[PDB]
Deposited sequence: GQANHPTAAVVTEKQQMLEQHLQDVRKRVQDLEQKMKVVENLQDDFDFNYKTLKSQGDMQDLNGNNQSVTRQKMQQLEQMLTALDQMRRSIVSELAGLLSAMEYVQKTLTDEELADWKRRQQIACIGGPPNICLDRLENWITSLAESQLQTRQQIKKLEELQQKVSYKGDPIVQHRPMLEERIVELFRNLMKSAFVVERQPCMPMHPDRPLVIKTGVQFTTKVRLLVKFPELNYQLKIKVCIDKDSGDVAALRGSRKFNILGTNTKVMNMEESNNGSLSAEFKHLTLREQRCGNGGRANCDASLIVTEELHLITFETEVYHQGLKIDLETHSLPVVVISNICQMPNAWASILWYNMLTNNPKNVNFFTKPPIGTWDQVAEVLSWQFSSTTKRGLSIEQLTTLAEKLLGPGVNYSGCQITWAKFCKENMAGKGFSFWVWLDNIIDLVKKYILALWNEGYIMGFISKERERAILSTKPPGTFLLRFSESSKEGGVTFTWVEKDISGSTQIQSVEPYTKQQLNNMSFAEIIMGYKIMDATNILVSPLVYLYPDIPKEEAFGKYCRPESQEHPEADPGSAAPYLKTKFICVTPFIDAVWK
């Protein structure tokens, strides 16, 4: 899955390693010569024509020494610029892309979430810098021993040290990331939504892969760390994290030795204009401090915005808010997003809509079948704008409920009662009556369709059969649906004066598609209302 630019980054990183290596060798040469210069110098003073040519050699050794410092110092600076320039591609371009991909993952997109490459690049670069700094320290030690007027260690060394410290210090900061966003174990498909009292899990990783830090750092987690008007908005609820809020970062489980810290069993408790709870947003923040080779570096990171709810019947509106947010911004910390919520093109929405099915189950929605829903948002499809109100905030067109609330419930019906049946391709599910009409027009009596109810909150399932004159039945509710499967009821259906339907549109007979999902001493009992 590699890209043009990624191949250059990896190339520039091996380059940086090469230069640190080349420079190391130069330091050994300069240091030996400086040893040699001292030993001869000391010998001459000890002495107190043959003698005269030794002074000429001392003289010449020194010239070469100064030449070698200049060379080194100059090449150190070149390396710093290159590291400086390559770091910004690492941190502001490749890392920042992985962060977006996290947002798209959470809501059900293509999960290229792997940090293995990034961690490798970053640790490669970190390794390179810490050695560069040990080289600068070396130069310093050398000037303490041997200096003169004009000495380029005296003149450049502090800048070199300053640049490298600042580099390492920011790379360390970028490397502390949230590997798994807060999520309830119980609702794996709806992260960034936390109900009070129920447990959620979150994980951080330091991508600077240093073994000497194993078990060294404690991470503290918390929520609303900078609230009470620290940035903005005075109105909102405030929570605390209960359970065990600090945890030690280690390499444990041996995934690949990565430094991480995983928080389990955390709960949220409420501390007791604006926005409805469903659109209100909070941040979970992680912190720590590293002390490494002379430096103290504070690390900090935070989660994506989370919505906190208190009953689970609030989740379907809460999830929409997560969908909408992560669909349309790349900003990690915009809690006031829902005061002025962005407006989303039909393209954006439709992708995301499919993902909801395509990650609770195996296939998404077919463009034609999804496009049925497209008419429902507007009226008789690429540049069309969808507004938060059209989507979730207000009800749709005289029904008592939301477009998304209604949709989500179907997405639940598939999971609870008909998952297999759903993506066998068996369900068309979404179709307008005008275009529903073109089955019996084209096909023989007993050709049927599987369709979802629009006249209902939560969900109902429906079907097309003939006597023609197209007919259909009162959608069986879930409370009803517990007892018999929809496939069982389809194949169980008849109109005791009985009989039913024959072909799942287009040409397939009934029992081949739907028979696989089909099923003194008193009297065994199983039933169907079928018709009156």
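- The deposited sequence has C-alpha coordinates everywhere except the stretches 1 to 9, 58 to 67, 292 to 301, 410 to 412, 500 to 505, 534 to 538, 563 to 576, 590 to 596.
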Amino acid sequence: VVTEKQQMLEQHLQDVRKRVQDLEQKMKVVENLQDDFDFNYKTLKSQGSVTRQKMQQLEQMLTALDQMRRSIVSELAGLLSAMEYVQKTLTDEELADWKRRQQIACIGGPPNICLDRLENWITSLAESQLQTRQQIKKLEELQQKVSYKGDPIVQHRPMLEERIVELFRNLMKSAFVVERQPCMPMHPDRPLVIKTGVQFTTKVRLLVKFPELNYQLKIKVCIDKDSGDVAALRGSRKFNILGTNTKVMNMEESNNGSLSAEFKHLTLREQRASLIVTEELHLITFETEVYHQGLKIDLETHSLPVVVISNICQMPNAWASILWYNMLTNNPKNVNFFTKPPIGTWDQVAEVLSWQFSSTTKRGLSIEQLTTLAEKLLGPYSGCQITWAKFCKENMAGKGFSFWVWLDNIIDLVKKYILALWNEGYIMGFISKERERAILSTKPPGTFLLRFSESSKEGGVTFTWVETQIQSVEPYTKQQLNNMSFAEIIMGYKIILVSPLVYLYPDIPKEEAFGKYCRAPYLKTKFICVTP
From here on, numbers count along this sequence of modelled residues.
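- Taking the mean C-alpha B-factor of each stretch as recorded, 448 to 456 and 68 to 76 are not equal, and the higher mean is that of 448 to 456.
- Looking at mean Cα B-factors across 386 to 394 and 299 to 307, the upper value is held by 386 to 394.
- Of the candidates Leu353, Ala232, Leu266, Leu95, the PDB record gives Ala232 the highest C-alpha temperature factor.
- Per the PDB record, residue ranking by Cα B-factor puts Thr371 in the highest third of the chain.
- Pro152: CA B factor in the middle third of modelled residues in this chain (values from the PDB entry).
- The PDB entry assigns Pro316 a C-alpha temperature factor belonging to the lowest third of its chain's modelled residues.
- Looking at the C-alpha B-factors along this chain, the one for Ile343 belongs to the middle third.
- The deposited CA B-factor of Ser236 belongs to the middle third of values across its chain.
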